[PDB]
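Engineer: Pasting model-v7.cif here (mmCIF, N, CA and C atoms (P, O5', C5', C4', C3', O3' and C1' of nucleotides)):
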data_model
#
loop_
_atom_site.label_atom_id
_atom_site.label_comp_id
_atom_site.auth_asym_id
_atom_site.auth_seq_id
_atom_site.Cartn_x
_atom_site.Cartn_y
_atom_site.Cartn_z
N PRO A 103 32.64 -7.48 -1.82
CA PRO A 103 32.70 -6.04 -1.51
C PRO A 103 31.86 -5.21 -2.49
N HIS A 104 31.15 -4.22 -1.96
CA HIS A 104 30.27 -3.40 -2.77
C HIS A 104 30.18 -1.97 -2.21
N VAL A 105 30.00 -1.01 -3.12
CA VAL A 105 29.74 0.39 -2.78
C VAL A 105 28.24 0.64 -2.90
N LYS A 106 27.62 1.05 -1.79
CA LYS A 106 26.19 1.29 -1.76
C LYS A 106 25.84 2.58 -2.50
N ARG A 107 24.60 2.63 -3.01
CA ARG A 107 24.03 3.84 -3.59
C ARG A 107 23.78 4.78 -2.44
N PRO A 108 23.96 6.08 -2.72
CA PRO A 108 23.77 7.06 -1.67
C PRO A 108 22.25 7.29 -1.45
N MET A 109 21.93 7.76 -0.25
CA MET A 109 20.55 7.85 0.16
C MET A 109 19.83 9.05 -0.44
N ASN A 110 18.63 8.80 -0.99
CA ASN A 110 17.79 9.88 -1.55
C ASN A 110 17.09 10.63 -0.42
N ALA A 111 16.51 11.79 -0.75
CA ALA A 111 15.95 12.71 0.28
C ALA A 111 14.96 12.02 1.19
N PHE A 112 14.19 11.08 0.65
CA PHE A 112 13.27 10.26 1.45
C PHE A 112 14.03 9.37 2.42
N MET A 113 15.02 8.66 1.89
CA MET A 113 15.79 7.69 2.66
C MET A 113 16.68 8.29 3.76
N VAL A 114 17.04 9.57 3.59
CA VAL A 114 17.82 10.32 4.57
C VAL A 114 16.93 10.68 5.74
N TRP A 115 15.78 11.29 5.44
CA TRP A 115 14.79 11.67 6.46
C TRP A 115 14.17 10.47 7.15
N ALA A 116 13.93 9.43 6.37
CA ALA A 116 13.28 8.24 6.86
C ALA A 116 14.12 7.50 7.89
N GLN A 117 15.44 7.59 7.80
CA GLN A 117 16.31 6.83 8.73
C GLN A 117 16.10 7.20 10.21
N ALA A 118 16.00 8.49 10.51
CA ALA A 118 15.75 8.95 11.89
C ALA A 118 14.24 8.79 12.25
N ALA A 119 13.35 9.23 11.33
CA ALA A 119 11.88 9.11 11.49
C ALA A 119 11.43 7.68 11.82
N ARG A 120 11.96 6.73 11.05
CA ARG A 120 11.74 5.30 11.27
C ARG A 120 12.15 4.90 12.70
N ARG A 121 13.40 5.22 13.07
CA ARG A 121 13.95 4.81 14.37
C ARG A 121 13.25 5.50 15.54
N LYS A 122 12.79 6.74 15.34
CA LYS A 122 11.95 7.45 16.34
C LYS A 122 10.69 6.64 16.68
N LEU A 123 10.01 6.12 15.66
CA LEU A 123 8.86 5.21 15.84
C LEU A 123 9.24 3.82 16.39
N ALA A 124 10.20 3.16 15.76
CA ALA A 124 10.73 1.86 16.23
C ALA A 124 11.15 1.80 17.73
N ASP A 125 11.71 2.91 18.24
CA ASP A 125 12.14 2.99 19.64
C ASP A 125 10.95 2.93 20.60
N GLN A 126 9.79 3.44 20.16
CA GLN A 126 8.56 3.35 20.96
C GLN A 126 7.89 2.00 20.78
N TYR A 127 7.86 1.58 19.51
CA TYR A 127 7.14 0.41 19.03
C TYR A 127 8.12 -0.56 18.37
N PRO A 128 8.83 -1.36 19.19
CA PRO A 128 9.80 -2.30 18.64
C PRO A 128 9.20 -3.55 17.99
N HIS A 129 7.90 -3.78 18.17
CA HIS A 129 7.25 -4.96 17.57
C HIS A 129 6.55 -4.66 16.24
N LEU A 130 6.58 -3.40 15.81
CA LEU A 130 5.98 -2.98 14.54
C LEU A 130 6.90 -3.37 13.40
N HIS A 131 6.33 -4.07 12.41
CA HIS A 131 7.09 -4.57 11.27
C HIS A 131 7.62 -3.41 10.44
N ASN A 132 8.85 -3.55 9.92
CA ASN A 132 9.50 -2.46 9.17
C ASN A 132 8.84 -2.21 7.85
N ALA A 133 8.19 -3.22 7.30
CA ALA A 133 7.32 -3.03 6.11
C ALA A 133 6.20 -2.03 6.46
N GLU A 134 5.65 -2.15 7.66
CA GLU A 134 4.52 -1.32 8.06
C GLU A 134 4.96 0.11 8.37
N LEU A 135 6.15 0.27 8.97
CA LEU A 135 6.73 1.59 9.22
C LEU A 135 6.95 2.36 7.92
N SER A 136 7.38 1.67 6.84
CA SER A 136 7.62 2.33 5.54
C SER A 136 6.36 3.01 5.04
N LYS A 137 5.22 2.33 5.24
CA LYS A 137 3.93 2.81 4.73
C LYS A 137 3.51 4.07 5.48
N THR A 138 3.82 4.10 6.78
CA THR A 138 3.62 5.30 7.62
C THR A 138 4.56 6.43 7.20
N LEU A 139 5.84 6.09 7.05
CA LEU A 139 6.86 7.04 6.56
C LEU A 139 6.56 7.63 5.15
N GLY A 140 6.10 6.77 4.25
CA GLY A 140 5.73 7.19 2.91
C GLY A 140 4.59 8.19 2.89
N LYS A 141 3.64 8.01 3.83
CA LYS A 141 2.48 8.90 3.97
C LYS A 141 2.93 10.24 4.52
N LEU A 142 3.70 10.19 5.60
CA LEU A 142 4.24 11.38 6.27
C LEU A 142 5.08 12.22 5.31
N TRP A 143 6.00 11.58 4.57
CA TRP A 143 6.86 12.31 3.64
C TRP A 143 6.06 13.08 2.60
N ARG A 144 5.02 12.47 2.06
CA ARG A 144 4.16 13.13 1.07
C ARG A 144 3.18 14.16 1.73
N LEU A 145 3.34 14.43 3.03
CA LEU A 145 2.60 15.51 3.72
C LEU A 145 3.50 16.65 4.18
N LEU A 146 4.81 16.54 3.92
CA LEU A 146 5.77 17.58 4.31
C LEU A 146 5.85 18.74 3.28
N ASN A 147 6.25 19.92 3.77
CA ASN A 147 6.48 21.14 2.94
C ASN A 147 7.81 21.06 2.21
N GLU A 148 8.04 22.00 1.27
CA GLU A 148 9.35 22.14 0.60
C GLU A 148 10.42 22.51 1.64
N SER A 149 10.08 23.43 2.54
CA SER A 149 10.96 23.84 3.64
C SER A 149 11.29 22.69 4.59
N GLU A 150 10.29 21.83 4.87
CA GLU A 150 10.47 20.68 5.79
C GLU A 150 11.40 19.63 5.20
N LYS A 151 11.21 19.34 3.91
CA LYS A 151 12.06 18.40 3.12
C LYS A 151 13.43 18.94 2.71
N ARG A 152 13.52 20.25 2.46
CA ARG A 152 14.75 20.93 2.00
C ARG A 152 16.07 20.43 2.61
N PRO A 153 16.18 20.38 3.96
CA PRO A 153 17.45 19.87 4.54
C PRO A 153 17.85 18.46 4.04
N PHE A 154 16.82 17.63 3.78
CA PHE A 154 17.02 16.22 3.41
C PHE A 154 17.35 16.09 1.96
N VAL A 155 16.82 17.03 1.18
CA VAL A 155 17.16 17.19 -0.25
C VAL A 155 18.58 17.73 -0.40
N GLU A 156 18.89 18.80 0.35
CA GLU A 156 20.24 19.38 0.39
C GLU A 156 21.30 18.33 0.74
N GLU A 157 20.95 17.48 1.71
CA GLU A 157 21.82 16.40 2.17
C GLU A 157 21.83 15.28 1.14
N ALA A 158 20.65 14.90 0.65
CA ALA A 158 20.56 13.87 -0.39
C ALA A 158 21.44 14.20 -1.61
N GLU A 159 21.45 15.49 -1.98
CA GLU A 159 22.30 16.02 -3.05
C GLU A 159 23.76 15.92 -2.65
N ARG A 160 24.07 16.49 -1.49
CA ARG A 160 25.43 16.47 -0.97
C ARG A 160 26.00 15.04 -1.01
N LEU A 161 25.18 14.07 -0.56
CA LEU A 161 25.58 12.64 -0.49
C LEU A 161 25.91 12.04 -1.85
N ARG A 162 25.18 12.53 -2.85
CA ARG A 162 25.22 12.04 -4.21
C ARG A 162 26.41 12.62 -4.97
N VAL A 163 26.59 13.94 -4.86
CA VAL A 163 27.71 14.71 -5.45
C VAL A 163 29.04 14.21 -4.90
N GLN A 164 29.06 14.01 -3.58
CA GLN A 164 30.19 13.40 -2.87
C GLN A 164 30.51 11.99 -3.41
N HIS A 165 29.47 11.17 -3.55
CA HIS A 165 29.59 9.78 -4.02
C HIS A 165 30.01 9.72 -5.50
N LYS A 166 29.56 10.68 -6.30
CA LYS A 166 29.97 10.77 -7.71
C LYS A 166 31.46 11.10 -7.76
N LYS A 167 31.93 11.93 -6.82
CA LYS A 167 33.36 12.28 -6.72
C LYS A 167 34.19 11.03 -6.38
N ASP A 168 33.81 10.38 -5.27
CA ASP A 168 34.49 9.18 -4.76
C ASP A 168 34.44 8.01 -5.73
N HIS A 169 33.29 7.82 -6.37
CA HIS A 169 33.06 6.69 -7.27
C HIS A 169 32.66 7.20 -8.66
N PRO A 170 33.67 7.59 -9.46
CA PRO A 170 33.40 8.27 -10.73
C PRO A 170 32.94 7.31 -11.83
N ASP A 171 33.17 6.00 -11.62
CA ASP A 171 32.70 4.96 -12.54
C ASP A 171 31.90 3.92 -11.75
N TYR A 172 30.89 4.41 -11.02
CA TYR A 172 29.98 3.56 -10.26
C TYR A 172 28.97 2.87 -11.19
N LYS A 173 28.97 1.53 -11.19
CA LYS A 173 27.98 0.74 -11.92
C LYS A 173 26.72 0.67 -11.04
N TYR A 174 25.58 1.17 -11.54
CA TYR A 174 24.32 1.22 -10.77
C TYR A 174 23.57 -0.14 -10.83
"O5'" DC B 1 18.35 -11.31 -1.64
"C5'" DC B 1 17.62 -12.22 -2.50
"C4'" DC B 1 16.57 -12.98 -1.72
"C3'" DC B 1 15.30 -12.20 -1.39
"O3'" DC B 1 14.41 -12.18 -2.51
"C1'" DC B 1 15.99 -13.49 0.49
P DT B 2 13.63 -10.83 -2.93
"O5'" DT B 2 12.35 -10.89 -1.99
"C5'" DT B 2 11.64 -12.13 -1.73
"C4'" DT B 2 10.73 -11.93 -0.54
"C3'" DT B 2 9.93 -10.63 -0.63
"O3'" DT B 2 8.53 -10.86 -0.56
"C1'" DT B 2 11.06 -10.78 1.48
P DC B 3 7.59 -9.78 -1.28
"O5'" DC B 3 6.45 -9.43 -0.22
"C5'" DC B 3 6.58 -9.71 1.19
"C4'" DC B 3 6.59 -8.43 2.00
"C3'" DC B 3 6.43 -7.13 1.21
"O3'" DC B 3 5.05 -6.81 1.07
"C1'" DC B 3 8.07 -6.92 2.97
P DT B 4 4.51 -5.86 -0.14
"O5'" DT B 4 5.00 -4.42 0.33
"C5'" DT B 4 4.33 -3.75 1.40
"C4'" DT B 4 5.12 -2.54 1.83
"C3'" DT B 4 5.56 -1.58 0.72
"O3'" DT B 4 4.46 -0.84 0.16
"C1'" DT B 4 7.22 -1.79 2.46
P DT B 5 4.62 0.55 -0.66
"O5'" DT B 5 5.16 1.50 0.50
"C5'" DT B 5 4.80 2.89 0.55
"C4'" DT B 5 5.98 3.71 0.99
"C3'" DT B 5 6.72 4.43 -0.13
"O3'" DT B 5 6.06 5.68 -0.31
"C1'" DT B 5 8.27 3.37 1.36
P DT B 6 5.82 6.34 -1.74
"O5'" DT B 6 7.20 7.11 -1.88
"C5'" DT B 6 7.55 8.05 -0.86
"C4'" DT B 6 8.92 8.60 -1.15
"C3'" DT B 6 9.04 9.21 -2.54
"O3'" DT B 6 9.82 10.38 -2.35
"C1'" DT B 6 10.56 7.39 -2.33
P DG B 7 9.77 11.56 -3.38
"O5'" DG B 7 11.16 11.28 -4.10
"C5'" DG B 7 12.36 11.04 -3.33
"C4'" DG B 7 13.39 10.39 -4.22
"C3'" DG B 7 13.40 10.87 -5.68
"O3'" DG B 7 14.75 11.21 -5.99
"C1'" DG B 7 13.38 8.56 -5.62
P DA B 8 15.19 11.83 -7.40
"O5'" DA B 8 16.50 10.96 -7.67
"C5'" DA B 8 17.46 10.65 -6.65
"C4'" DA B 8 18.51 9.73 -7.23
"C3'" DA B 8 18.96 10.08 -8.65
"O3'" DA B 8 20.37 9.89 -8.70
"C1'" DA B 8 17.90 7.93 -8.65
P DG B 9 21.24 10.47 -9.89
"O5'" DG B 9 21.23 9.24 -10.90
"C5'" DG B 9 21.65 7.96 -10.39
"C4'" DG B 9 21.24 6.86 -11.33
"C3'" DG B 9 21.42 7.20 -12.81
"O3'" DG B 9 22.08 6.09 -13.40
"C1'" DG B 9 19.33 6.27 -12.46
P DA B 10 22.91 6.20 -14.75
"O5'" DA B 10 22.59 4.80 -15.44
"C5'" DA B 10 22.67 3.55 -14.72
"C4'" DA B 10 21.55 2.64 -15.17
"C3'" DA B 10 21.47 2.44 -16.69
"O3'" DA B 10 22.01 1.17 -17.07
"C1'" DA B 10 19.30 2.75 -15.68
P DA B 11 22.00 0.79 -18.62
"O5'" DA B 11 20.65 -0.03 -18.82
"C5'" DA B 11 20.29 -1.14 -17.97
"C4'" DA B 11 18.85 -1.52 -18.26
"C3'" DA B 11 18.56 -1.82 -19.73
"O3'" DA B 11 18.24 -3.19 -19.94
"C1'" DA B 11 16.93 -0.29 -18.80
P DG B 12 18.02 -3.78 -21.42
"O5'" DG B 12 16.45 -3.66 -21.64
"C5'" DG B 12 15.50 -4.22 -20.71
"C4'" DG B 12 14.10 -3.89 -21.17
"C3'" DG B 12 13.84 -4.17 -22.66
"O3'" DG B 12 12.68 -4.99 -22.84
"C1'" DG B 12 13.39 -1.85 -22.15
"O5'" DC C 1 7.04 11.23 -20.92
"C5'" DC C 1 6.55 10.17 -20.08
"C4'" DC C 1 6.32 8.91 -20.89
"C3'" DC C 1 6.18 7.65 -20.05
"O3'" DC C 1 4.79 7.41 -19.82
"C1'" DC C 1 7.72 7.29 -21.88
P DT C 2 4.29 6.50 -18.60
"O5'" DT C 2 4.07 5.16 -19.42
"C5'" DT C 2 3.85 3.91 -18.77
"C4'" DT C 2 5.06 3.02 -18.91
"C3'" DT C 2 5.37 2.20 -17.65
"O3'" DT C 2 5.03 0.82 -17.84
"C1'" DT C 2 7.35 3.04 -18.70
P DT C 3 4.97 -0.15 -16.57
"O5'" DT C 3 5.90 -1.39 -16.94
"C5'" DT C 3 7.09 -1.28 -17.76
"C4'" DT C 3 8.33 -1.65 -16.98
"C3'" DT C 3 8.10 -2.16 -15.56
"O3'" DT C 3 8.96 -3.28 -15.32
"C1'" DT C 3 9.59 -0.35 -15.50
P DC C 4 8.65 -4.33 -14.15
"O5'" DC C 4 10.06 -4.45 -13.40
"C5'" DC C 4 11.22 -4.97 -14.06
"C4'" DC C 4 12.46 -4.30 -13.51
"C3'" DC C 4 12.66 -4.44 -12.00
"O3'" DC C 4 13.48 -5.56 -11.67
"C1'" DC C 4 13.27 -2.24 -12.83
P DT C 5 13.51 -6.15 -10.17
"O5'" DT C 5 14.91 -5.66 -9.60
"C5'" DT C 5 16.10 -5.63 -10.41
"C4'" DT C 5 16.97 -4.49 -9.92
"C3'" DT C 5 17.22 -4.50 -8.41
"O3'" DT C 5 18.48 -5.12 -8.15
"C1'" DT C 5 16.71 -2.28 -9.24
P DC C 6 19.12 -5.10 -6.69
"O5'" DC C 6 19.65 -3.60 -6.69
"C5'" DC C 6 20.70 -3.17 -5.80
"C4'" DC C 6 20.44 -1.77 -5.32
"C3'" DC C 6 20.44 -1.60 -3.80
"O3'" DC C 6 21.42 -0.64 -3.39
"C1'" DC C 6 18.59 -0.47 -4.78
P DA C 7 22.92 -0.95 -2.95
"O5'" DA C 7 23.15 -0.09 -1.64
"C5'" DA C 7 22.13 -0.03 -0.64
"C4'" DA C 7 21.59 1.38 -0.51
"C3'" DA C 7 20.92 1.64 0.83
"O3'" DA C 7 21.93 2.08 1.73
"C1'" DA C 7 19.53 2.43 -0.95
P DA C 8 22.20 1.32 3.11
"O5'" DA C 8 20.92 1.74 3.96
"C5'" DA C 8 20.72 3.10 4.41
"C4'" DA C 8 19.54 3.15 5.36
"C3'" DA C 8 19.49 1.98 6.34
"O3'" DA C 8 19.41 2.35 7.72
"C1'" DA C 8 17.45 2.09 5.06
P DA C 9 20.02 1.18 8.65
"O5'" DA C 9 18.87 0.70 9.66
"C5'" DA C 9 17.65 1.41 9.92
"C4'" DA C 9 16.54 0.38 10.00
"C3'" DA C 9 17.00 -1.03 10.36
"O3'" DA C 9 16.97 -1.22 11.78
"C1'" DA C 9 15.35 -1.02 8.59
P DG C 10 17.94 -2.23 12.57
"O5'" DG C 10 17.01 -3.34 13.24
"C5'" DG C 10 15.57 -3.25 13.25
"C4'" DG C 10 14.95 -4.53 12.75
"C3'" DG C 10 15.77 -5.79 13.00
"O3'" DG C 10 14.88 -6.85 13.36
"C1'" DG C 10 15.21 -5.69 10.77
P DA C 11 14.78 -7.41 14.85
"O5'" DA C 11 13.56 -8.43 14.75
"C5'" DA C 11 12.19 -7.97 14.94
"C4'" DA C 11 11.26 -8.63 13.95
"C3'" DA C 11 11.28 -10.16 14.02
"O3'" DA C 11 9.95 -10.67 13.88
"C1'" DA C 11 11.82 -9.49 11.85
P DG C 12 9.53 -12.22 13.79
"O5'" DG C 12 8.92 -12.19 12.31
"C5'" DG C 12 7.84 -13.07 11.93
"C4'" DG C 12 7.87 -13.34 10.45
"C3'" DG C 12 7.97 -14.82 10.08
"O3'" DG C 12 7.15 -15.09 8.94
"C1'" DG C 12 9.73 -13.68 9.07
#
Could I get this file's structure written as structure tokens?
Structural biologist:
Amino acid sequence: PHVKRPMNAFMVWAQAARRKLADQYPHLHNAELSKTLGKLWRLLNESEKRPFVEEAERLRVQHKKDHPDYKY
DNA sequence: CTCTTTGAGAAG
DNA sequence: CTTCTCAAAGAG
């Protein structure tokens, strides 16, 4: 049994973005999708990323509450 | 397990 | 400081 690390702003946005591409292109390797996702993320605005940062924070603050002695 | 991304948080 | 692991994803 293990408690996972909460998702960072990239990993929150990437989860839907990845699957949006995968649903069209199911034969594209997930290693290759990351490289596309990594490029796209570094082309987004502060406003575009903000919701994912706000959520990434929320996820982390929540997880710090739930797991106050989490070994990383 | 890897392969790849960013980014947190820890280690050296 | 750098440098490492893991979160997600799922096919090799």
Engineer: Could you expand the PyMOL selection byres ((chain C and name CA+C1') within 10 of (chain A and name CA+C1')) into the explicit residues it covers here, written as a ChimeraX atom specification?
Structural biologist: /C:5-12
Engineer: Could you pull out the alpha helix (DSSP H) residues of chain A, going by DSSP on the backbone, and write them as a PyMOL selection string?
Structural biologist: chain A and resi 111-126+132-143+148-168
Engineer: Compile a residue-level contact table for chain B against chain A at a cut-off of 6 Å, reporting for every qualifying residue the shortest atom pair and its distance in Å to one decimal, with only C-alpha atoms (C1' of nucleotides) counted, rows ordered by chain and ascending number, as a tab-separated table.
Structural biologist:
residue	atom	partner	partner_atom	distance
B:3	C1'	A:133	CA	5.1
B:4	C1'	A:133	CA	3.9
B:5	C1'	A:136	CA	4.4
B:6	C1'	A:112	CA	5.5
Engineer: Atom N of residue A:171 and atom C1' of residue B:11 are how many Å apart?
Structural biologist: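 Going from atom N of residue A:171 over to atom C1' of residue B:11, I get 18.8 Å.
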Engineer: Using the atoms already present, construct N, CA, C and O atoms for stretch 149-161 of chain A and hand them back as a compact mmCIF listing (two decimals), keeping the file's coordinate frame.
Structural biologist:
# COMPACT_ATOMS: atom_id res chain seq x y z
N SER A 149 10.08 23.43 2.54
CA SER A 149 10.96 23.84 3.64
C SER A 149 11.29 22.69 4.59
O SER A 149 12.41 22.59 5.08
N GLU A 150 10.29 21.83 4.87
CA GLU A 150 10.47 20.68 5.79
C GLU A 150 11.40 19.63 5.20
O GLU A 150 12.26 19.12 5.91
N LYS A 151 11.21 19.34 3.91
CA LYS A 151 12.06 18.40 3.12
C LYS A 151 13.43 18.94 2.71
O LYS A 151 14.37 18.15 2.59
N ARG A 152 13.52 20.25 2.46
CA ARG A 152 14.75 20.93 2.00
C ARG A 152 16.07 20.43 2.61
O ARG A 152 16.99 20.08 1.85
N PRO A 153 16.18 20.38 3.96
CA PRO A 153 17.45 19.87 4.54
C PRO A 153 17.85 18.46 4.04
O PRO A 153 19.05 18.14 3.87
N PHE A 154 16.82 17.63 3.78
CA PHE A 154 17.02 16.22 3.41
C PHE A 154 17.35 16.09 1.96
O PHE A 154 18.08 15.17 1.56
N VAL A 155 16.82 17.03 1.18
CA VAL A 155 17.16 17.19 -0.25
C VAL A 155 18.58 17.73 -0.40
O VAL A 155 19.36 17.20 -1.20
N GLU A 156 18.89 18.80 0.35
CA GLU A 156 20.24 19.38 0.39
C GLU A 156 21.30 18.33 0.74
O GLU A 156 22.37 18.28 0.13
N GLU A 157 20.95 17.48 1.71
CA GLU A 157 21.82 16.40 2.17
C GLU A 157 21.83 15.28 1.14
O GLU A 157 22.91 14.77 0.79
N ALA A 158 20.65 14.90 0.65
CA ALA A 158 20.56 13.87 -0.39
C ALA A 158 21.44 14.20 -1.61
O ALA A 158 22.07 13.29 -2.21
N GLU A 159 21.45 15.49 -1.98
CA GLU A 159 22.30 16.02 -3.05
C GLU A 159 23.76 15.92 -2.65
O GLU A 159 24.58 15.34 -3.37
N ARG A 160 24.07 16.49 -1.49
CA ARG A 160 25.43 16.47 -0.97
C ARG A 160 26.00 15.04 -1.01
O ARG A 160 27.15 14.84 -1.46
N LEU A 161 25.18 14.07 -0.56
CA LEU A 161 25.58 12.64 -0.49
C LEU A 161 25.91 12.04 -1.85
O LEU A 161 26.80 11.19 -1.97
